[PDB]
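Take a look at this one chain, the form deposited in one PDB entry, written out in structure tokens.
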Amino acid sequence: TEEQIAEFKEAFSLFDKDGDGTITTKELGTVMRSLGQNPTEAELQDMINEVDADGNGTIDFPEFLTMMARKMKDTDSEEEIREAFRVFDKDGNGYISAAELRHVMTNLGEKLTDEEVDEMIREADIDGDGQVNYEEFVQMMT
């Protein structure tokens, strides 16, 4: 929803007391304690680490959407990698062929040669079927 998001940026701004675009443990604890909870500092750090995709100890708005989605960061990252994968998997069959890779990359401004493309598919083609599936796409990227 679009207004579910607008609600969420409202929430984020409230929690981000000082407006610097990040939520700290202290800001998080203030909110938790205002709702009748007594989380330890370790527990507050844990809440943050669970969505802390960039590893900087604070929550920004994109990581907060993970938290509002309630999710863990690996789950969230998997859903984002799958969205990138579907950009390349034009026919939607679950495999990035060499032609799909060449086509999408060209239309995104990167034209590689034919044998660059064939080697990119080869490199990430673990099981040797000639195409790049999702798990191979994840691996390729790490």
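We number the residues from 1 along the sequence you see. Residues that one form lacks are left out of the comparison. Each form is matched to the other, and the largest set of C-alpha atoms that superpose within 1.5 Å is called the rigid core.
One more form of this protein exists, namely the form deposited in another entry; it is left out here, but the text below deals with it.
Once both forms are fitted on their rigid core, the CA atom of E79 lies less than 2 Å apart between the shown form and the other one.
Once the rigid core is used as the reference frame, the Cα position of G94 differs between the shown form and the other one by less than 2 Å.
Relative to the superposed core, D118 shifts its CA atom by less than 2 Å between the shown form and the other one. In sequence order, there is one run of three or more residues whose C-alphas all shift by 2 angstroms or more between the shown form and the other one, with the rigid core superposed, and it is 1 to 71.
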